[PDB]
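A short worksheet on the structure shown next.
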Amino acid sequence: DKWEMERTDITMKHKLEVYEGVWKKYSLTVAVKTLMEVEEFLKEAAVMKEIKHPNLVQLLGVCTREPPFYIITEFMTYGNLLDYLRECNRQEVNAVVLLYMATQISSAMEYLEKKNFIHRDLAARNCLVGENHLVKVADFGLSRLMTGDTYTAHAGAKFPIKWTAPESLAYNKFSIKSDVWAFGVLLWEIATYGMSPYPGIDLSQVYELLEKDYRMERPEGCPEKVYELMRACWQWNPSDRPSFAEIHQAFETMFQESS
């Protein structure tokens, strides 16, 4: 395999099983993860070989000959978007930046939508931040749509409820429209600067509240056009949610208008 590489070619710098390392022959700073369900992680890593986008965490190499196994990706200097938003200078990370980050995420998601991929865990915590408000979506659990629009997770799989769409909670069914729902919650996260969704709401009551058309309030300072998009993402019927092509077009327009 072109992706297979020499384990001695990576030097470990700092623990962040996931380390900050150096691809010595390229003098490049990388992120290396060291590996029962180990073979599942390598299958998930094999998916990453097929995708290439400026807003998706780049797979660079893999070590699958001897234990422990290495998975090598590009290194994202500022960590995850959740911790970033909470710890930032909001005077620097303003409305325009909030708009730029959503354009970057919807761009990544329009690509996956077109290439028939499913994310299944879209949250600010699974978005990585580079320098100058660069956002790349974490792509370490993608499911390819082999047949049909809908993926069915195995019975008895637990999900992050506050981000999971109603049909996914009720029937374990996942689609790009279920990623459109999770994207809406991520917009709320960006708009609130990493605040927890459905604040104070008992997890075991979220599904029944969504059934009766309960939706999160519009954050303070959140543009009406962006809340409308959040609300359009949270339609009960997956068919009624916009495409990621529709979402990215609206955000690219709003970020261009903002300039």
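So you can find residues: chains in the structure tokens are A, B, ... in the order shown, residues in each start at 1, and ligands are numbered from 1 in order.
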Exercise for review: May I have all residues of stretch 97-205 of chain A that DSSP, computed from the backbone, assigns to strand (DSSP E), given as an NGL selection string?
Suggested key: :A and (117-118 or 127-129 or 135-137 or 143-144 or 151-152 or 173-174)
Review point. Could you pull the residues within 12 Å of residue A:215, counting only C-alpha atoms, minus those fewer than 5 positions along the same chain, as a ChimeraX atom specification?
Key: /A:162,165,181,184-185,188,197-199,201,206-210,227-228,230-236
Pull C-alpha atoms from the residues just selected and write them as a PDB file, in the first residue's frame.
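Listed below is the output, again-v8.pdb:
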ATOM      1  CA  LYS A 162     -28.334  16.395  22.282  1.00  0.00           C
ATOM      2  CA  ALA A 165     -31.799  13.558  15.087  1.00  0.00           C
ATOM      3  CA  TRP A 181     -29.800  18.060  12.069  1.00  0.00           C
ATOM      4  CA  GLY A 184     -27.888  22.717  13.274  1.00  0.00           C
ATOM      5  CA  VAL A 185     -26.879  21.876  16.873  1.00  0.00           C
ATOM      6  CA  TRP A 188     -26.070  26.688  18.079  1.00  0.00           C
ATOM      7  CA  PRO A 197     -27.146  22.190  23.916  1.00  0.00           C
ATOM      8  CA  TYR A 198     -30.620  21.975  25.590  1.00  0.00           C
ATOM      9  CA  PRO A 199     -29.158  23.577  28.846  1.00  0.00           C
ATOM     10  CA  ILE A 201     -32.762  19.619  30.036  1.00  0.00           C
ATOM     11  CA  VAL A 206     -35.124  15.388  24.844  1.00  0.00           C
ATOM     12  CA  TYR A 207     -36.753  12.929  22.322  1.00  0.00           C
ATOM     13  CA  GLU A 208     -40.345  13.515  23.734  1.00  0.00           C
ATOM     14  CA  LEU A 209     -39.770  17.354  23.699  1.00  0.00           C
ATOM     15  CA  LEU A 210     -38.627  17.325  20.018  1.00  0.00           C
ATOM     16  CA  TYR A 227     -31.421  30.957  13.391  1.00  0.00           C
ATOM     17  CA  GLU A 228     -33.791  30.304  10.476  1.00  0.00           C
ATOM     18  CA  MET A 230     -30.766  26.244  12.448  1.00  0.00           C
ATOM     19  CA  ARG A 231     -34.563  25.823  12.554  1.00  0.00           C
ATOM     20  CA  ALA A 232     -34.660  24.517   8.885  1.00  0.00           C
ATOM     21  CA  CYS A 233     -32.012  21.876   9.937  1.00  0.00           C
ATOM     22  CA  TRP A 234     -34.258  20.807  12.829  1.00  0.00           C
ATOM     23  CA  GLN A 235     -37.367  19.890  10.769  1.00  0.00           C
ATOM     24  CA  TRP A 236     -39.015  16.666  12.095  1.00  0.00           C
TER      25      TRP A 236
END
Among the residues of stretch 20-218 of chain A, find those DSSP assigns to helix (DSSP H, G or I) from the backbone and print them as a CSV table (one decimal) with C-alpha atoms, in the first residue's frame.
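Writing done, so here's selection36.csv:
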chain,number,residue,atom,x,y,z
A,24,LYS,CA,11.3,13.2,10.2
A,25,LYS,CA,12.0,12.8,6.4
A,26,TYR,CA,9.4,15.6,5.7
A,38,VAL,CA,-8.7,-2.3,16.8
A,39,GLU,CA,-9.5,-3.8,13.3
A,40,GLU,CA,-12.7,-1.5,13.1
A,41,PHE,CA,-10.5,1.6,13.7
A,42,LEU,CA,-8.3,0.5,10.7
A,43,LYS,CA,-11.4,0.0,8.6
A,44,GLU,CA,-12.6,3.5,9.5
A,45,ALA,CA,-9.0,4.8,8.7
A,46,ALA,CA,-9.2,3.1,5.2
A,47,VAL,CA,-12.3,5.3,4.4
A,81,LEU,CA,-13.6,23.9,18.2
A,82,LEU,CA,-15.5,23.4,21.5
A,83,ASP,CA,-12.5,24.3,23.8
A,84,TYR,CA,-11.4,27.0,21.2
A,85,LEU,CA,-14.8,28.9,21.3
A,86,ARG,CA,-15.0,28.8,25.1
A,87,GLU,CA,-11.4,30.1,25.6
A,95,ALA,CA,-19.7,37.5,14.0
A,96,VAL,CA,-17.6,37.3,10.7
A,97,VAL,CA,-15.3,34.6,12.2
A,98,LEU,CA,-18.4,32.7,13.4
A,99,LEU,CA,-19.7,33.0,9.8
A,100,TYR,CA,-16.3,31.9,8.3
A,101,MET,CA,-16.2,28.7,10.6
A,102,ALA,CA,-19.8,27.7,9.5
A,103,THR,CA,-18.9,28.2,5.8
A,104,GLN,CA,-15.8,26.0,6.3
A,105,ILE,CA,-17.8,23.2,8.0
A,106,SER,CA,-20.8,23.3,5.5
A,107,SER,CA,-18.1,23.2,2.6
A,108,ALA,CA,-16.7,19.9,4.1
A,109,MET,CA,-20.3,18.5,4.6
A,110,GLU,CA,-21.4,19.5,1.0
A,111,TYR,CA,-18.4,17.4,-0.2
A,112,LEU,CA,-19.3,14.4,1.9
A,113,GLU,CA,-23.0,14.9,0.9
A,114,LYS,CA,-21.9,14.8,-2.9
A,124,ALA,CA,-17.9,21.3,17.8
A,125,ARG,CA,-15.8,18.7,19.8
A,126,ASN,CA,-15.2,16.7,16.5
A,161,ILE,CA,-28.5,12.5,22.3
A,162,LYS,CA,-28.3,16.4,22.3
A,163,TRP,CA,-26.9,16.2,18.7
A,166,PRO,CA,-35.3,12.1,16.1
A,167,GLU,CA,-35.3,9.2,13.5
A,168,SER,CA,-31.8,8.2,14.7
A,169,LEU,CA,-32.9,8.3,18.4
A,170,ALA,CA,-36.1,6.3,17.7
A,171,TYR,CA,-35.0,3.9,14.8
A,176,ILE,CA,-27.1,13.1,5.4
A,177,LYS,CA,-30.3,14.9,6.7
A,178,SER,CA,-29.5,13.4,10.2
A,179,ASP,CA,-26.0,15.1,9.7
A,180,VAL,CA,-28.0,18.3,8.6
A,181,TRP,CA,-29.8,18.1,12.1
A,182,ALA,CA,-26.5,17.6,13.9
A,183,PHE,CA,-25.0,20.5,11.9
A,184,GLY,CA,-27.9,22.7,13.3
A,185,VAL,CA,-26.9,21.9,16.9
A,186,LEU,CA,-23.2,22.7,15.9
A,187,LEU,CA,-24.5,26.1,14.6
A,188,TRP,CA,-26.1,26.7,18.1
A,189,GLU,CA,-22.6,25.7,19.6
A,190,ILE,CA,-20.8,28.3,17.3
A,191,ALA,CA,-23.5,31.0,18.1
A,192,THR,CA,-23.2,30.4,21.9
A,203,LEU,CA,-31.4,13.8,28.5
A,204,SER,CA,-34.2,11.2,29.0
A,205,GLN,CA,-36.8,13.9,28.0
A,206,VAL,CA,-35.1,15.4,24.8
A,207,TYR,CA,-36.8,12.9,22.3
A,208,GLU,CA,-40.3,13.5,23.7
A,209,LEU,CA,-39.8,17.4,23.7
A,210,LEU,CA,-38.6,17.3,20.0
A,211,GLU,CA,-41.8,15.2,19.2
Check your understanding: Can you tell me, as a ChimeraX atom specification, what residues are no more than 9 Å from residue A:149 when counting only C-alpha atoms, ignoring any on the same chain fewer than 5 positions away?
Key -> /A:116,174-176
Same residues, C-alpha atoms, output as a PDB file, in the first residue's frame:
ATOM      1  CA  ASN A 116     -22.287   9.880  -0.439  1.00  0.00           C
ATOM      2  CA  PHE A 174     -28.817   7.875   9.871  1.00  0.00           C
ATOM      3  CA  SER A 175     -28.713   9.928   6.658  1.00  0.00           C
ATOM      4  CA  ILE A 176     -27.066  13.133   5.374  1.00  0.00           C
TER       5      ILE A 176
END
Exercise for review: Go through A:52, A:7, A:248, A:115 and flag the residue nearest residue A:22, using only C-alpha atoms for the distances.
Suggested key: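 Going through A:52, A:7, A:248, A:115 one by one, the smallest distance to residue A:22 is for A:7.
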Review point. Expressed in Å to a single decimal, how great is the separation between atom CA of residue A:4 and atom CA of residue A:74?
Key: 15.7 Å
Practice item. Find the residues around stretch 65-71 of chain A up to 12 Å (only C-alpha atoms counted), leave out those fewer than 5 positions away in its own chain, and share them as number ranges by chain. Key: A: 1, 3-12, 17-21, 30-35, 38-39, 41-46, 48-49, 58-60, 140
Next, the residues of the selection above should be written as an mmCIF file, in the first residue's frame with C-alpha atoms.
data_model
loop_
_atom_site.group_PDB
_atom_site.id
_atom_site.type_symbol
_atom_site.label_atom_id
_atom_site.label_comp_id
_atom_site.auth_asym_id
_atom_site.auth_seq_id
_atom_site.Cartn_x
_atom_site.Cartn_y
_atom_site.Cartn_z
ATOM 1 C CA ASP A 1 0.000 0.000 0.000
ATOM 2 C CA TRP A 3 -0.461 4.600 2.572
ATOM 3 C CA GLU A 4 1.630 2.015 4.518
ATOM 4 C CA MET A 5 4.801 3.519 6.082
ATOM 5 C CA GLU A 6 7.860 2.751 8.349
ATOM 6 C CA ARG A 7 7.137 3.120 12.153
ATOM 7 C CA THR A 8 10.744 4.406 12.755
ATOM 8 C CA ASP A 9 9.975 7.308 10.314
ATOM 9 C CA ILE A 10 7.768 8.972 13.038
ATOM 10 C CA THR A 11 9.265 10.500 16.245
ATOM 11 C CA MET A 12 6.869 11.079 19.224
ATOM 12 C CA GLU A 17 -2.970 7.102 22.627
ATOM 13 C CA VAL A 18 -2.921 10.315 20.403
ATOM 14 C CA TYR A 19 0.527 12.082 20.134
ATOM 15 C CA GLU A 20 2.058 15.145 18.509
ATOM 16 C CA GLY A 21 4.813 13.729 16.296
ATOM 17 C CA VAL A 30 1.846 15.259 12.523
ATOM 18 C CA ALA A 31 -0.750 13.700 14.867
ATOM 19 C CA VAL A 32 -0.240 9.944 15.494
ATOM 20 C CA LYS A 33 -2.769 7.644 17.183
ATOM 21 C CA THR A 34 -1.512 4.318 18.681
ATOM 22 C CA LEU A 35 -3.748 1.206 18.533
ATOM 23 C CA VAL A 38 -8.722 -2.257 16.760
ATOM 24 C CA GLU A 39 -9.541 -3.751 13.277
ATOM 25 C CA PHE A 41 -10.541 1.607 13.650
ATOM 26 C CA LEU A 42 -8.269 0.498 10.749
ATOM 27 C CA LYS A 43 -11.392 0.006 8.551
ATOM 28 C CA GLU A 44 -12.550 3.538 9.513
ATOM 29 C CA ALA A 45 -9.036 4.793 8.709
ATOM 30 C CA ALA A 46 -9.219 3.085 5.215
ATOM 31 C CA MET A 48 -10.127 8.472 4.989
ATOM 32 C CA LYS A 49 -7.934 7.291 2.040
ATOM 33 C CA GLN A 58 -6.030 14.771 6.115
ATOM 34 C CA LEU A 59 -4.894 11.154 6.486
ATOM 35 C CA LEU A 60 -1.134 11.000 5.741
ATOM 36 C CA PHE A 140 -12.339 9.390 11.701
#
